[PDB]
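Before any questions on how it binds or moves, here is one chain, the form deposited in one PDB entry, in structure tokens.
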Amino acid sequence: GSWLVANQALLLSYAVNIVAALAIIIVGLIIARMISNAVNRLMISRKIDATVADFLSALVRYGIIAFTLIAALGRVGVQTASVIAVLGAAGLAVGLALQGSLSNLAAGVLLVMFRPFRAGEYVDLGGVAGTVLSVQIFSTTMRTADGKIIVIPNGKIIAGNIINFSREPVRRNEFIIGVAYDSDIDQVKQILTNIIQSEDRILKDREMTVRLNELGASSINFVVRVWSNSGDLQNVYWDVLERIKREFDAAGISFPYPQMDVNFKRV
């Protein structure tokens, strides 16, 4: 009735909620537009594609209006915990979606906090190998020796071995020279030691191994482990190998073809 308003004053609390609910909305909407403008303005400023910038700004818009709408529903007195539990799980959905996306971000942060490599540092990121051109924040671009550009996601980097090459200035070449069984072991060892000692780029302060490593099927395999600076490594390999090939057939030592004893049976 008309007198019902006079006795009690808690009906005030029913009324202020109403305009308060409007005050959740008419502030929430113009903000949702406003932010959706600014987020767009700071998207195009970074030169990011317009069909995507519009969509992400619209996502922000459609999220802030959702916040203010659910807040107004809770303001008047609707128990909005249901929708809340749903879009919380939607945030969880996009979070587990962006798991593999943000893992690359965290790994890119780690790769500059501490630096397993820099721009211009030859590496092998678990397979592919090349000179890093630039460690970006979501990916690591590197030029392999074949001239290809490989864009590795940083999460695949930090989740695996980072086999650097250009950190230590000195590395090792390993030759496996297969000679014949009938060759004199001491002759091979001395005519190889002369090679690796007359080569000036091989470091003598390190270990210079020339020792019999394997009794192969057809051949007998000598290992030659010689250290050289990381820039002179491949040239040392090629030069020492050409010198082996020349000094052996000068000395009469024969690199054997795949041998095969043949027992003969005429039938």
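Only residues modelled in both forms are compared. Each residue number is its position in the shown sequence, starting from 1. Just so we're on the same page, rigid core means the largest C-alpha set that superposes within 1.5 Å between forms.
This protein has a second form, the form deposited in another entry, left out of what is shown; the following refers to that one.
Here the rigid core is superposed between this form and the one not shown, and of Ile176, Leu133, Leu105, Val83 the C-alpha of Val83 is the only one to shift by 2 Å or more. Once you line up the core between this form and the one not shown, the Cα of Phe55 ends up 2 Å or more from where it was. After superposing the rigid core, the C-alpha of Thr209 moves by less than 2 Å between this form and the one not shown. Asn235 shows a C-alpha shift below 2 Å between this form and the one not shown [criterion: core-superposed Cα displacement of 2 Å]. Here's the thing about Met43 and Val151: their CA atoms end up at least 3 Å farther apart in the other entry than they are in this form.
A decrease of at least 3 Å in the separation of the C-alpha atoms of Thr51 and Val135 is found in the other entry, compared with the displayed form. Displacement of the C-alpha atoms by 2 Å or more across three or more consecutive residues between this form and the one not shown, following core superposition, is confined to the single run 12 to 91.
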